[PDB]
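For reference, the chains in residue letters:
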Amino acid sequence: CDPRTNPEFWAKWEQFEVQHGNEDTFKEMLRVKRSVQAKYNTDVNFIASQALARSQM
Amino acid sequence: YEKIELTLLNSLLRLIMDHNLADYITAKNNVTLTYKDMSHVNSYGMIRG
Amino acid sequence: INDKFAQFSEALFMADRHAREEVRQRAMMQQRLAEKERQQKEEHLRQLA
Amino acid sequence: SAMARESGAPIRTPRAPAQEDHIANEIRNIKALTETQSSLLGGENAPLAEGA
Amino acid sequence: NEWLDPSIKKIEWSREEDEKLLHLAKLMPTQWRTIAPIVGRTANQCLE
Amino acid sequence: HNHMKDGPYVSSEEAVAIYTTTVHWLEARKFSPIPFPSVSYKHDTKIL
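In the PDB archive, cryo-EM is given as the structure determination method for this entry, at a resolution of 3.5 Å.

Structure below.
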């Protein structure tokens with residue numbers, strides 16, 4: 001999943017973590033979010049992100 | 001020269017002198033040897049040069 | 001890499017610590033004899049005095 | 001219940017133990033077994049904390 | 001070899017790579033060019 | 001590569017015996033270990 005294209009899934013994961021999780025699992029989820037967001041920094045994925053960002057407005 | 005284990009060498013060098021000098025010497029013996037288009041890391045044995 | 005490396009390193013570290021402990025004990029044991037010897041000589045000097 | 005009539009909410013993940021922080025454990029182990037000077041001097045060995 | 005090689009990971013480290021790095025630095029003291037291929041970064045990256 | 005695969009050929013007991021032999025020899029001769037070259041240490045310049 002892409003954080004800047006699919007934010008609702010990350011919101012649901014944070015909701016699951018605040019109902020069931022700790023500070024260590026929360027830090028793990030931040031680490032995975034940062035790593036995945038860094039992974040999807042390609043040119044085509046940036047193009048798709050900006051396309052959907054200006055499409056929803 | 002071929003059969004110097006660098007960890008054991010680091011320990012014996014730590015025995016005779018300060019651990020900074022021993023660490024410098026053992027890290028100096030672990031370098032990349034390059035000749036033309038060939039290159040490899042020397043992790044076993046000492047560098048005689 | 002092979003597992004033996006870890007075992008290798010472990011042994012050296014334990015051995016190193018053990019050696020230090022032994023040295024310290026022997027060192028402090030030596031100084032006991034030293035001060036005892038000094039006291040004995042002092043006692044002899046006092047007797048001679 | 002049918003024959004009588006006829007006649008915690010959330011779940012918890014266990015916390016990782018403070019002694020089981022393996023990163024800090026290896027930090028203090030390497031700091032114990034690296035900055036130790038020559039063993040001929042003697043001196044107190046650094047207390048390495050392993051726990052389990 | 002140290003910067004521009006496309007196999008070089010310039011992202012922030014993971015906890016698994018931290019565990020491997022500290023474990024190997026305890027295994028092979030100051031043998032950083034040996035540790036670097038195993039960890040998955042360069043020697044200066046692992047050192048720093 | 002064969003040393004990386006087939007492990008340290010110096011076994012653990014051999015390395016421990018060599019280390020303890022060096023320790024016993026060095027304490028027998030009352031060897032003072034070499035310090036780090038200090039900040040002042042006049043002889044430095046001549047050595048340099």
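(A) Focus on the interface of chain C and chain F. Between chain C and chain F, the contact holds 14 residues from the first and 15 residues from the second. There are one salt bridge connecting chain C and chain F. In this structure, C:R26 and F:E27 form a salt bridge, with 2.7 Å as the shortest nitrogen-oxygen distance. Across the chain C-chain F interface, the total number found is three residue pairs in polar contact. When its residues are assigned to classes, the side of chain C that touches chain F shows eight nonpolar, two polar and four charged.

(B) Inspection of the nonpolar core at higher detail. Counting twelve residues, the largest nonpolar core consists of B:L8, B:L15, C:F8, C:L12, C:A15, C:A19, D:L40, F:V10, F:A15, F:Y19, F:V23 and F:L26. For this core, the secondary structure elements donating two or more residues are α1 (6-16) of chain B, α1 (4-48) of chain C together with α2 (12-28) of chain F.

(C) Looking closely at the arrangement of the chains. Among twelve pairs of chains with at least one contact, chains C and F form the most extensive contact set. Considering only C-alpha positions, the minimal separation of the non-contacting chain A and chain C is 28 Å. Between chain A and chain F there is no contact, and the shortest C-alpha to C-alpha separation is 31 Å.

(D) Representation of the side chain of D:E26. With respect to the secondary-structure elements, D:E26 resides in helix α2 (residues 22-34). No salt bridge is formed by the buried D:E26, whose closest oppositely charged neighbour, E:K26, lies at an N-O distance of 6.6 Å. Side-chain polar atoms of D:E26 contact the side chain of D:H22, separated by 2.5 Å. Among residues more than four places away in sequence, those in contact with D:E26 are E:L22 and E:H23.

(E) Highlighting unusual backbone geometry. Although it is not a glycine, D:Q37 adopts a positive phi angle of roughly 60 degrees. Phi at F:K30 is positive, roughly 55 degrees, even though this residue is not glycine. Along the chain, F:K30 turns up in the loop between α2 and α3 (43-47). For F:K30, a relative accessible area of 74% gives the class exposed.

(F) Representation of the packing of α1(C) against α2(F). In the contact formed by α1(C) and α2(F), the axes pass within 9 Å of each other and the chain directions differ by 25 degrees. Accordingly, the angle class assigned to the pair α1(C) and α2(F) is roughly parallel. Crossing angle aside, the handedness with which α1(C) passes α2(F) is right-handed. On α2(F), the residues that touch C:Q7, C:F8, C:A11, C:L12, C:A15, C:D16, C:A19, C:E22, C:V23 and C:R26 of α1(C) are F:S12, F:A15, F:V16, F:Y19, F:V23, F:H24 and F:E27.

(G) Inspection of the interface of chain E and chain B at higher detail. Each side of the interface is counted separately: chain E has seven residues, and chain B has ten residues. For the chain E and chain B pair, buried surface summed over both sides reaches about 700 Å², with 49% attributable to carbon and sulfur atoms. Broken down residue by residue, the surface that chain E buries against chain B is led by E:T30, E:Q31 and E:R33, which jointly contribute 72%. Joining chain E to chain B, the criterion identifies zero salt bridges. Counting across the interface, chain E meets chain B through two residue pairs in polar contact. Residues of the side of chain E that touches chain B, tallied by class, amount to three nonpolar, three polar and one charged.

Parameters and conventions
Residues numbered from 1 in each chain as written, not as in the entry; some residues may be left out. Chains lettered and ligands numbered in written order. Part of a larger assembly, values for the part shown. Heavy atoms only, no water. Contact = heavy atoms within 4.5 Å. Salt bridge = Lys/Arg side-chain N within 4 Å of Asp/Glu carboxyl O. Polar contact = N/O pair within 3.5 Å; in protein donor to acceptor, adjacent residues only side chain to side chain. Nonpolar A, V, L, I, M, F, W, Y, C, P; charged D, E, K, R; others polar. Core = buried A, V, L, I, M, F, W, Y, C linked by side-chain atoms within 4.5 Å. Buried < 20%, exposed > 50% of the residue type's maximum accessible area, 1.4 Å probe, protein only. Helix = DSSP H or I, 4+ residues; strand = E, 2+ residues; numbered from the N terminus. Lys, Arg positive; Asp, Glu negative; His and termini not counted. Axes fitted to C-alpha atoms, helices over the stretch in contact; angles between N-to-C directions. Parallel < 35°, antiparallel > 145°, perpendicular 65-115°, else oblique. Left-handed = near helix turned anticlockwise from the far one by under 90°. Buried area = accessible area lost by both parts, 1.4 Å probe.

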